[PDB]
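In: experimental coordinates follow, after the sequence.
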Amino acid sequence: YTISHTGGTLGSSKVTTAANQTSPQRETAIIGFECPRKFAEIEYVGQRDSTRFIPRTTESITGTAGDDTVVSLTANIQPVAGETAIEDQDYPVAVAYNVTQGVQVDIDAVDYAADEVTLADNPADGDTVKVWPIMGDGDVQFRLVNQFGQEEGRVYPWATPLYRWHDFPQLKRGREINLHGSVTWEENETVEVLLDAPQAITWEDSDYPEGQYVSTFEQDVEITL
Amino acid sequence: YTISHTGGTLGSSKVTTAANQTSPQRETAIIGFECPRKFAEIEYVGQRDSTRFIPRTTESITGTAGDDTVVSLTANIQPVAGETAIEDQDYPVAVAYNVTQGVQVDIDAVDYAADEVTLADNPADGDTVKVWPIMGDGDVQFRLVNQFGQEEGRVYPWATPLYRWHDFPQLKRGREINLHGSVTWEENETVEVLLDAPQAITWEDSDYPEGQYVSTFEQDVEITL
Amino acid sequence: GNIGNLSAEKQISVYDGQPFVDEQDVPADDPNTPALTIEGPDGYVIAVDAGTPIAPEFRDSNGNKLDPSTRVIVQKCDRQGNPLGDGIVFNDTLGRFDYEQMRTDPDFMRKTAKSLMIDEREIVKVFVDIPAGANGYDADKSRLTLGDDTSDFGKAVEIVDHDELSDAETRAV
Amino acid sequence: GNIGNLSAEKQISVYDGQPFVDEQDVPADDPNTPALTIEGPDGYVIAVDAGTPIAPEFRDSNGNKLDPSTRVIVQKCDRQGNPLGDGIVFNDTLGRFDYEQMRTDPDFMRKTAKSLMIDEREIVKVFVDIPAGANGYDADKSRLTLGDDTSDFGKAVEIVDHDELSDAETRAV
Amino acid sequence: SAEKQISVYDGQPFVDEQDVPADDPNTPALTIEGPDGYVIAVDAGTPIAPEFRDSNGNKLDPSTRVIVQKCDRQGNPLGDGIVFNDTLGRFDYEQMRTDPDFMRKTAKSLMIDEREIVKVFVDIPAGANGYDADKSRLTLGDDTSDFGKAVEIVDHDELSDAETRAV
Amino acid sequence: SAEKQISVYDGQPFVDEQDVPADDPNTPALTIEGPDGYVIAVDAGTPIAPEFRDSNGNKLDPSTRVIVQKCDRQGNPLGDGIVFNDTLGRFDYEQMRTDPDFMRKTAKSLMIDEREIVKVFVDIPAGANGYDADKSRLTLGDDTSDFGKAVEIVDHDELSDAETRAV
């Protein structure tokens, strides 16, 4: 007998791990979904089940007289759902916080192709600002590991381009994201979300305004009890 | 219609890859045996075809008065073939080079449990010496990659402890290091050897005296034509 | 820890960043440049049924959309770099497409008009008809997607290794 | 680019480094304390058939071998950590061994007597009977190598996942 | 089967040690007794490891004679029924109990009941510094090699017991 | 009988040496030509002792690659028909011709006639110091151990050589 739950950032248990990647272009572990004792086994089925991924990174900059624009943030930015302007986004392309004033800031304009942004408020010459934009390029997939630290096999060895998850408005049924391949967990074993990309992704930014977590991974799945 | 060849550090082509790992413990690709157009297909056979692996790493030290001893080298040393004294071994556990004098150094003696050594020549203050000792701990295995650059999988996911290659007298029949599993190559496909361990293995130290390659991988294999 | 054995028939999508296709920049006045060249991956075989979507997100080097009266064509070629004429799958204006949603809405989505098979060495190319007053093309700011493999919509593309009778019949070209 | 499938029978060796065994330092003269402690891998079965070597590289903290007077014992236990008396495989001394070549030359090799078998929670333990004059035990500077997975000599240890009739007969203790 | 394959050594509670002078052969150095409920069997080709040493831990004289010999149930020897008569000088102590190529072995088989006795005698010349088994010891039989042999032990089984009683 | 069981080395007038540059593998290091009247037969499982060194008597780099390879009568290699390919470092010059446990043998048999050629190809890295077959040498095969294997040599006998010329 079986039911449906959702694995997530926190998920079922507080043993799911969240660790960042490396800067050298190499596929590394991002997240580890480990199974607990509470269940018996867990399933995943691409082409049936839904998944969600909003990755967001960190950049940081300093003040000067006459600054409204921030340069290319080292990422190929895509307008979300094929749409650009912020106020009508499903979720922010990018967010800004001045630490001096300790205030979240809105955004006035963007050039996606030039990767640059133009802000509302001129920080002081000698200020500190942090920015959290979405992630651009990269390729990801799922990996299996047993209860020995041993890989066993990837899943449908065709990693997904990152930008698709920005391309599709994830919350729409049918337009939601399904992968390919399959897997069934066991008791102590683990699956990992893996990624190769330039940039380092971020979590747990205490200064972040819109919650406690900046990026998110969610996956509707079937459970065995 | 087949024959027996050896793949190795250089072997049958100047496209085979050799690189080093990272210090953060998470495995990496050390060697890549890419298959050429010269052949049709290559074969591995665990438990039949011999294999040989002399790993050797790098350390650096500065000298001063009374610096005849070198400290715990962050390296778990083993007497090769059980034998402790140097020249009775099949090969030196460790080698030393003064860069200031630009010359080899003879070693006096060893303590294996403390992981320390004692040279013959007292160095000078301000002088610099490098050391080429064997690699100790670490876990290894093979891996497969298609022509694209995607993982196909491992072979026999039970990583051999690295020090076994140091334990046995590899040059003696019946004791040579064989493994378990098999694998067949194709044209543009590449097998790799992967490792993880704390210390950074090294090849290609120009200042090293006893050979133009300090560390070696060799493996008997079978070939079609 | 089970994984699920699979068919040889892998259903995926196709785009510029994959290592069996190569991009190329183009000027403003060339219907002959192979902007995209798409080669057999040497050992697998690919199958593209008719009715497969495409999204050619083609801006200039400034990131802007292009002249209305332009057109686009895709076309198979031989094993030596020369289109075949037949096997074209698409030809009309840019005037229909709307990049902001064109891979999103079915009713705006457009797909292949005819079928296609690909061996281990067959090739396809893509070309771009533009009149005078355009500011060139930029591959790197641009991209292509072919098919879909995550929606429940449109279609994906099949890839296989060599099954015996499958290859025997697939060599009917 | 194929690997070739496998039996479920994985032919390996056993050592302290593996993530299902525990080491522990030892005082002077307690045989009863467990130096080593295997646990079941939670789903797989291990099989040590008869005639299986050992290489117990035990040393002190100062790198010296222990006194040969010490006796080494290997023994099976229940799923709670309690031995059975029967099922013992090995009771001998280090004076028998040649650390320089004990795992090398079959002439010097020291093998078990009895067969042995392990379910998903079964346990084997090592017991070390010592006089007072010893310099204890340093597990970090010592290790073990059980079986051989490389040589044309010695034997291996079989490991398997649960298959139906195999486990039907294997649970017949 | 109820047949247990073991070895033998001094520290077991059925074998008594005894320090010795330097010029007495008749004294029992080591004395085995039957364990009062089991039966022992030795076969020919059985090894020995008599690591004999002095009060300073040095080895004894190589010219020393070692003898192993069965006795009756009284402790009185038998003359006949010897298994070993040779010297310490033939044993490289560092590798006697390791290499079979240097393992020196027995000649005859042997069988011990619940009361029978085995003894070991040592003939030393005058000058040596005796025998202190607090540092010295013995080891007998090998369980661990396909080479060599071990010692069989059993409880009582009817047919075999009544047969073994027919010495 | 007509079959003669011998070994082979460099100092023989059916064999040629040629001192070698650094890292030119395509050059013939050594050469063996037929004797014009006799016929040679090698079976697989046959040792090699390639005692290769430098001008200064030191051993070469272990990472060298060695080949023994048959060629046509023209002198061109067949590609196939290789008997051996391994590294120098696998061997131990102190005893590589002495202990069978350290001996390293072929992987195929081989047959040489009145015109066939064997060549020895040697791929060395850049940094090393050439190869001088004056101070270095080679010995192939042995006819002395019950272990190991010799090499068979014959004069022309009718039927066996008639078979042999079907190559």
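Out: Looks like it arrived, so ask away. Numbering: from 1, shown residues only, chains lettered A, B, ... in the order given.
In: tell me the strands beside the biggest strand by length in chain A, with direction?
Out: Taking DSSP state E as the criterion, chain A has its longest strand at strand A:216-224. If you go by DSSP bridges, strand A:216-224 pairs up with strand A:3-7 (antiparallel), strand A:41-45 (antiparallel), strand A:51-54 (antiparallel).
In: who does the helix or strand that the last one is followed by touch, helix- and strand-wise?
Out: Tracing the chain past strand A:51-54, the next element assigned as helix or strand by DSSP states H and E is strand A:59-62. Strand A:59-62 sits against strand A:128-133, with contacts defined as 3 or more CB pairs under 8 Å, 6 or more residues apart in numbering or on different chains; DSSP states H and E. From N, CA and C alone the C-beta is placed, and that goes for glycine too.
In: who in chain C is up against chain B?
Out: Counting by CB under 8 Å from any CB of the partner chain, chain C comes close to chain B at C:19, C:20, C:41, C:42, C:43.
In: let me redo that: chain A
Out: A:22, A:26, A:28-29, A:148, A:150-154, A:157-159.
In: 10 Å - rerun?
Out: A:19, A:22, A:24, A:26-29, A:141, A:143, A:145-146, A:148-154, A:157-159, A:194 (CB under 10 Å from any CB of the partner chain).
In: do you know which of the strands paired with strand A:216-224 lies nearest residue B:38?
Out: Closest approach to residue B:38 among the strands paired with strand A:216-224 is made by strand A:41-45 (42.5 Å; CB to CB).
In: residues in contact with that closest one?
Out: Applying CB atoms under 10 Å, 6 or more residues apart in numbering or on different chains, the contact partners of strand A:41-45 are A:2, A:4-5, A:7, A:12, A:33, A:35-36, A:49, A:51, A:142, A:155, A:178-187, A:189, A:191, A:219-225, C:1-2, C:4.
In: out of those, which end up buried?
Out: For those, a burial check counting by 16 or more other CB atoms under 10 Å in any protein chain shown picks out A:7, A:12, A:33, A:35, A:49, A:51, A:142, A:155, A:178-187, A:189, A:191, A:219-223, C:1.
In: which element is residue 67 on?
Out: As the question left the chain open, I've gone with chain A. For residue A:67, there is no host helix or strand (DSSP H and E).
In: you answered for a different chain; I wanted chain C.
Out: Under DSSP H and E, no helix or strand contains residue C:67.
In: so it touches residue C:137, yeah?
Out: No - the criterion here is CB atoms under 10 Å, and residue C:67 misses it with residue C:137 at 11.1 Å.
In: so between those two, which is more surrounded?
Out: residue C:137 (23 against 14; other CB atoms under 10 Å in any protein chain shown).
In: so that one belongs to a strand, correct?
Out: No - according to DSSP: H, G, I helix; E, B strand; the rest coil, the state of residue C:137 is coil, so it is not within a strand.
In: so what's residue C:155 up against?
Out: Applying CB under 10 Å, 6+ apart, the residues contacting residue C:155 are C:11, C:13, C:48-53, C:111-112, C:147-149.
In: residue of chain A closest to chain C, please.
Out: Among all residues of chain A, residue A:113 sits closest to chain C, at 3.0 Å; criterion: CB to the nearest CB.
In: any idea how far residue F:120 is from that residue?
Out: 63 Å (CB to CB, to the nearest Å).
In: and if you look at residue A:151?
Out: 43 Å.
In: residue A:175 reaches residue C:154, doesn't it?
Out: No - applying CB under 10 Å as the test, residue A:175 and residue C:154 come out as separate, 11.1 Å apart.
In: excluding its backbone neighbours, what's nearest the residue nearest the centre of chain A?
Out: Centroid-nearest residue in chain A: residue A:55, 2.0 Å away (criterion: CA atoms, centre = their mean). Of all residues not flanking residue A:55 in the chain, residue A:135 sits nearest, at 3.9 Å (CB to CB, 6 or more residues apart in numbering or on different chains).
In: all helices of chain A, in order?
Out: Assigned by DSSP state H, chain A shows helices spanning A:164-167.
In: not counting its neighbours along the chain, what's nearest the residue lying farthest from the centre of chain A?
Out: Going by CA atoms, centre = their mean, the residue of chain A most distant from its centre is residue A:65, 33.7 Å out. Once flanking residues are discounted, residue A:65 sits nearest to residue A:125: 4.4 Å by CB to CB, 6+ apart.
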